[PDB]
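Here we go, the starting part of the complex in its complex frame:
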Amino acid sequence: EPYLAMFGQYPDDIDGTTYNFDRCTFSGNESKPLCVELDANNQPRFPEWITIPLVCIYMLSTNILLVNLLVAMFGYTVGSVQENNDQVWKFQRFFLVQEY
């Protein structure tokens, strides 16, 4: 579930104002992921001033502060090994002509 958040999922209906109407079990059957811990009031116990900025920090980091970082580290690589990749490709160009 945090893996799908990198392509955009953002805790779709577990992070507040989404009650126990569906998606959850309380038991362990069926294969739905089990419910939020509850109380005598049958209220969701998670504080929601913590889980909501936790997701928003994670959705900031891995979707923006991380992927967009990967472009810069990709962008330096094409800046640096480009004049070397021509010699490397011309080197392996021999083996592909050698094959016949």
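Sure thing, it's come through. Residues are numbered from 1 along each chain as shown, chains lettered A, B, ... in the order given.

Show the contacting residues for residue A:32.
Taking Cβ atoms under 8 Å, 6 or more residues apart in numbering, we find residue A:32 in contact with A:22, A:23, A:24, A:25. C-beta: built from backbone N, CA, C; applies to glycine.

quick one, what contacts the residue lying closest to the third one once chain neighbours are set aside?
Spelled out, that is residue A:24. Of all residues not flanking residue A:24 in the chain, residue A:35 sits nearest, at 3.7 Å (Cβ to Cβ, 6 or more residues apart in numbering). Residues in contact with residue A:35 (Cβ under 8 Å, 6+ apart) are A:20, A:24, A:25, A:26.

can you redo those residues as CSV with distance to residue A:85 and neighbour count?
Below are the contacts of residue A:35 laid out as CSV (distance: Cβ to Cβ, whole Å; neighbours: other Cβ atoms under 10 Å):
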residue, distance to residue A:85, neighbour count
A:20, 56, 13
A:24, 52, 14
A:25, 54, 13
A:26, 58, 11
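
now the sequence for chain B, which goes on the structure above:
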Amino acid sequence: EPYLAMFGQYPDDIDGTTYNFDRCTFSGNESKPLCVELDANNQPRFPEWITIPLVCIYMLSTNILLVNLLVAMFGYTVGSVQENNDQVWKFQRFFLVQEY
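Okay, chain B now, added to the rest:
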């Protein structure tokens, strides 16, 4: 709600042709966000020639004119501090060997 618009939410059902069928209260209970201001005709009062290009300007800026800007400012940093980061990493490489 504008924070989720950076990862793609785009005012899902408040920006027109989505009436008071659900999601809203008129009162202050329950925890649903309260309704659009209405009229004697019970029509949504917001002009919708203003709120729709306001979101589309915001969705243009923070999702494209802003994040893609961050890649360029990331891309200049890996272009500039790369030859300095080698000396910095080789410098802190001493303390990690010093630890034993």
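
Re-run the earlier check on the contacts of residue A:35 with chain B in the model.
Residue A:35 makes contact with A:20, A:24, A:25, A:26, according to Cβ atoms under 8 Å, 6 or more residues apart in numbering or on different chains.

out of those residues, what pair is the most spread apart?
Farthest pair in those (Cβ to Cβ) is A:20 and A:25. Separation: 9.6 Å.

Is chain B within reach of the biggest helix by length in chain A?
For chain A, the longest helix by residue count, based on DSSP state H, is helix A:82-98. No. Using Cβ under 8 Å from any Cβ of the partner chain, helix A:82-98 stays clear of chain B, with a minimum separation of 13.6 Å.

Packing partners of that helix?
On a contact count with 3 or more Cβ pairs under 8 Å, 6 or more residues apart in numbering or on different chains; DSSP states H and E, helix A:82-98 meets no helix or strand.

Report the secondary structure element holding the closest residue to chain B within chain A.
The minimum distance from chain A to chain B, using Cβ to the nearest Cβ, falls at residue A:72 (3.8 Å). According to DSSP states H and E, residue A:72 maps onto helix A:67-80.
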